[PDB]
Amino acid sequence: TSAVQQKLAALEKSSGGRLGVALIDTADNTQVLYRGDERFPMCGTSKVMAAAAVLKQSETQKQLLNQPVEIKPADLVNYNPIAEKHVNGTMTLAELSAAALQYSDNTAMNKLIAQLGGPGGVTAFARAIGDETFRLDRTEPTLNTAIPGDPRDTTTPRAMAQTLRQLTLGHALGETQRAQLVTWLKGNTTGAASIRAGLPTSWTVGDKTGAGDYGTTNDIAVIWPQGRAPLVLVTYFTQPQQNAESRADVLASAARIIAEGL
């Protein structure tokens, strides 16, 4: 183990939970992993895969993002900050993607999942871009149950870091679609206390958070440091008590550790 991994282990010990980290440094294509091949509940970080899958569809259906989708009262779930403003109205697939990614709207995520034919359609897209680990099994809100040991709606930090790299810096998506995803991630509103809080303020960051039961608190980010090659960082955290409070500070701390030297 390296000093980085040792610091992450110490953070984990003090936190009382289980911490998973994967950093990809595109400068030399190296990876730093902590519990990198253990499965963790994704919660809302899975919204990146769903939005990306719809972007992929739009590469051959060029008007798809503009397609209005009906929002019915019965569609609302447990957290619908944007969709609730469109009950008995519509949101386009672009608007649903922005809401799911930038506000972590759960109704918006369910519409993306439906557009893909269900959770299996999101998983199928993951497989198509070379992610053999990701699995989406449920819709919102049950995909965030985060039960210890439950393989449903999980991935590993290594796999999610590799996929996030391919989606944003690589070419799993077409050029316009890649840029659109990056724009959405950069404009996220929910990440100020997570990875962003542990990085220098001059660094540009795009991220997607997630949260669930068992105090599950997650963040995945693409990072552009000042005058250096970009990084991808996944920080997953989950706890023993079903009713544990969120711990965004732990993600900020992991980011602070990872940033040393970069």
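In this text, residue numbers run from 1 along the sequence as written.
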Please compare 106-114 with 86-94 and say which has the higher mean C-alpha temperature factor in the record.
86-94
Stretch with the greater mean C-alpha B-factor as recorded in the entry, comparing 121-129 against 151-159:
121-129
Taking the Cα B-factors listed in the entry, which of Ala221, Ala51, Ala229, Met42 comes out highest?
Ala229
In this crystal structure's PDB entry, the residue among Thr209, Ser46, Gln61, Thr235 with the greatest CA B factor is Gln61
Chain third (lowest, middle, highest) by recorded CA B-factor, residue given as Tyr34:
lowest
Taking the entry's C-alpha B-factors for this chain, is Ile195 in the lowest, middle or highest third?
lowest
Lowest, middle or highest third - CA B-factor, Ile24:
middle
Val77: which third of its chain by C-alpha temperature factor?
middle
Would the CA B-factor of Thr217 place it in the lowest, middle or highest third of its chain?
lowest
